[PDB]
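Only one chain is given next, in structure tokens, and it is the form solved without N-phenyl-N'-propan-2-ylurea (XY4).
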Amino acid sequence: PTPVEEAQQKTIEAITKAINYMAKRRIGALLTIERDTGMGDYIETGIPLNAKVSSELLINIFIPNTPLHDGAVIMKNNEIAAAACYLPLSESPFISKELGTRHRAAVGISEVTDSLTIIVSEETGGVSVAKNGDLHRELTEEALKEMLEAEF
């Protein structure tokens, strides 16, 4: 594997470990991974981090009742670019009515970019992904990992 490929693999591992921990504890989370459509306008709404990605940092960001926990984390390649970012809310009727603002923000950004967003529900611990305007719910750990590996 090239260094770029190894680094990607270390980022996926960090992301999946953090999401798995938060799902178990019902820690709400909203994590958008920038792809080929630039997310600069949404990164500038948040607190800048420009940090190396770790499972530990991702977890600490989303602990309830803390300064960084509300809003989205936006990742650019192997960095956490910013936290507490604003994303636009989708009006799609295919978002389950019981879902709150994190899921609607995730679908929202996914309608205007090619990003992949991961959502952990604070109600149920369920893991979802928003991509291309669609929300995919109740993901197993394996499903999520495969989704991330496919996103490369």
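Just count from 1 along the sequence shown to find any residue number. Under this definition, the rigid core comprises the largest set of C-alpha atoms superposing within 1.5 Å between the forms.
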Core-superposed comparison in 9 other deposited structures of this protein: bigger Cα RMS shift among 42-50 and 92-100 is in 92-100
Higher avg CA temperature factor (12-20 vs 140-148, as deposited) belongs to 140-148
Would you tell me which stretch averages the higher CA B-factor in the PDB entry, 25-33 or 63-71? 63-71
Identity of residue with top Cα B-factor, from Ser55, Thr117, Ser121, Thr101: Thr101
Ordered by C-alpha B-factor within the chain, which third holds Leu87? Give me lowest, middle or highest, please. middle
When the deposited Cα B-factors of this chain's modelled residues are ordered and cut into thirds, is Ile43 in the lowest, the middle or the highest one? lowest
Where does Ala106 sit by CA temperature factor within its chain: lowest, middle or highest third? lowest
Sorting the chain's modelled residues by C-alpha B-factor, tell me whether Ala51 ends up in the lowest, middle or highest third. lowest
Thinking about Cα B factors across the chain, which third does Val112 belong to? highest
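Only in words, not in the display: the form solved in complex with N-phenyl-N'-propan-2-ylurea (XY4), which the text now covers.
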Open vs blocked, site of N-phenyl-N'-propan-2-ylurea (XY4) as found in the deposited bound form, superimposed, 2.4 Å to backbone or C-beta: open
Can you tell me whether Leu144 touches N-phenyl-N'-propan-2-ylurea (XY4)? I mean in the deposited bound form, with a 4.5 angstroms heavy atom cut-off. yes
Would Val107 sit within 4.5 Å of N-phenyl-N'-propan-2-ylurea (XY4) in the deposited bound form, counting heavy atoms only? no
Contact test in the deposited bound form: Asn132 vs N-phenyl-N'-propan-2-ylurea (XY4), heavy atoms, 4.5 Å: no
So in the deposited bound form, does any heavy atom of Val127 sit within 4.5 Å of N-phenyl-N'-propan-2-ylurea (XY4)? yes
What residues in 15-29 sit within 4.5 Å of N-phenyl-N'-propan-2-ylurea (XY4) in the deposited bound form, counting heavy atoms only? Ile19, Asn20, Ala23, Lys24
